[PDB]
Every structure is written in structure tokens, then in C-alpha cells.
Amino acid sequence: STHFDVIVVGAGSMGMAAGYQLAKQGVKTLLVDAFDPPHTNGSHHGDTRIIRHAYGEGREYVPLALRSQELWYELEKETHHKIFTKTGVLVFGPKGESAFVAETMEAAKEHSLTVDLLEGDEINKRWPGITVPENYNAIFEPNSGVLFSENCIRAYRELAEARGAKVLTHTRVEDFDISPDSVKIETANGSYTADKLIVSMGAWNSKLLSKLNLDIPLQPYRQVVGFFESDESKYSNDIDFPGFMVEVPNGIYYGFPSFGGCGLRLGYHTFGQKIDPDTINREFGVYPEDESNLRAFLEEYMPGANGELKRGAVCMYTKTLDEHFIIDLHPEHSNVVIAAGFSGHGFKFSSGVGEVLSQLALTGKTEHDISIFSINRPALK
């Protein structure tokens, strides 16, 4: 007997922001999740996420990051959970040998972002704790920083519920029935209908979009993150150790200063195990790689951070072939909105994406172009 204006399937990073957008406008909204978000089975746990603005992956990302950033400052104001801490973000790599660093430096120049440029010994003088060869260069964004992604979800959820959004937890959606006039979901806990549907199931999008007759290659990856006891006089946020995303010989790594004395957190970005989200092994340390790829970085470039392993999390990316997101209406149903394929770099945009989703759902359009996220683009395959 339960008919909603909008149903959101998957109330994680994207879905919970979308639900908050909709509920804020008095849209009667049901959010359905396989768990009880924020949880540790998806792509949003491990405590912290980088947001940075000098986004070389495409010009369209730059305004989405800056809008997202403003929206995270707004969410900070609205809630008692902590959202954002402005640690700055350091990008470094070997000079002339890093398309990532080069593209980062261009987007900054091209969008007039405020940034510092440094190189070689300057990097280690500015942040003791960093040890790079004298041939490395860097670009520091002083105004970006670190999101607390689980708090962001919890905040969006509390605020959506306050305005009347319903969240059906521990309920896996199993199928979809889409008419021109409604949408329907089927679950072990019952069926629900609405005018509009947003689909944002994170890694499970790779198995479940076929239920909507779509065939999009989406590869989920096993991505671990470890938290290490650290020299606080070098890696503490309080001494301006930055968040970072850097390129070295064996690939790209990301990480976070120590907050509250808890330990530097680090992740290896360019490698992960190909997995299925239902059979992923979420134990940190089951492959020797989990800890060794991270120590290999630490001992070379951040040796005072290479302490006892305090904790590891196992999390998931869901890549498209072009590593761009998919944000678009279903091509055969204008009442179904798809958010998928965030490719290991979506969380920072999740506030802005929630806004864009809520617009697609309510109007079939959004205020700025979004064509690089087209579900009909050919490089998706």
C-alpha cells in the first residue's frame, strides 16, 4: 500500500545524497539498502576521503568538485557530525614522468585554482616526513582536504529522515518492473512502487543493471587501506601534514594525515584484485600484497609513518573502461536514473552528484551539461 514519489535503490554515497536532496524539497522518498548505511560492505568506509579540485580527468569535473566542496561546507553547518577538515592536498611525482601530475598542473592553471608549486628538496623541507628524489615535482592545493565519508552519509540520512524520507534497511532489491508511468522494485521484504527510480548500488551495479536490460562493462576491484602508527611530529594533521595523492614507479598511492594521533592511512590506487561484491574477501591481510604494497611506499617515501599496522579496511571500486562515471537517465526509460562506475574517485563529488540525480529524477534534466557521464558514450563499450 506504499507508493512513493521516488525510490532510491542503494542508499550509499550517491543515493543518500540524492535522498537528502529530494526529501529537502518535500519529495516523498523511499531509500532501500542491502545493509544499514554507513556500513563496511560497500565503497564508502575506511573513514576518510580525499577531495581535491585540480581535476585533470576532464574539465567538467572542476565545477562539480567546487560545487561539491561548497555543498560539503553547507552540510558541515547543518549537522553535528564532522564533515570536512581542510588538510590541503599534495600531488607529487617524477618530473616529466607523470601524466597525472602534469594533468593536475594544467587543470589548476586552466581553472585558475590557488595552488603551490614545489620541487625536489623543497617538498621535504616543507613537510618533513616526506622523502622524495630531487627529480620529483609537486602541486599542493591549500584549500582542499579530507572528507569523513561515513559521517557524511549518516548526516545526509538523519537530515533526510527528519524531512520524511523512509529508509528500508537490510533489504536487497532483486528485480525491477518499469512502465512508462511507474517503477517497481521487488525485494524479500515486499514490493514498492513509485513515479521515479534512482539506481545507485555501487559495486552491485555490475551484477544488477542487467535487470534493467543494460549491458555495461563494470569491473569491481578489491581495494585495501591500512592505518599505521606514525611519528606524530611529522604526520599529524595538527602539524599540517597534507592529504595526498601521488605517483611513484610502481603506481599511484593516496593517503591521509594522522587525526587525533590515530595513525597515517594509506591506500594503493592503481592495483586491486578483480572481485565480485558478493564473494569479496573483506579481511585485510589475506593476501600478502595488502600490507606489503603499502609498506613498500612507506619505507621509501614516508619512513616515519611505517609503524605497526593498527587496522586495515577492505573496500571496493567499480570501474568503467574509460574510468569516467555514468550519470544519466536510462536510455529506454526517462523515469529511471542511473549512477554507477565511480571508478575509485567518486566520493568527493557525492554531494554534487546527489544534486544532479535529484534533478534528473524530478525533471529528466540537470542545469549543466554532464555529457562526459553519458550512458550512451561509446568508450563505455
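The first residue of the shown sequence is 1; numbering continues from there.
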query	finding
79-87 or 267-275, whichever carries the higher mean Cα B-factor	267-275
181-189 versus 228-236 - greater average Cα B-factor per the deposited record	181-189
From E141, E106, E150, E161, residue of greatest CA B-factor	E106
Among modelled residues of the same chain, the CA temperature factor third for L380	highest
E97 CA temperature factor, ranked by third within the chain	highest
Chain third (lowest, middle, highest) by recorded CA B-factor, residue given as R157	lowest
Third of the chain, ranked by Cα B-factor, where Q21 sits	lowest
Lowest, middle or highest third - CA B-factor, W72	lowest
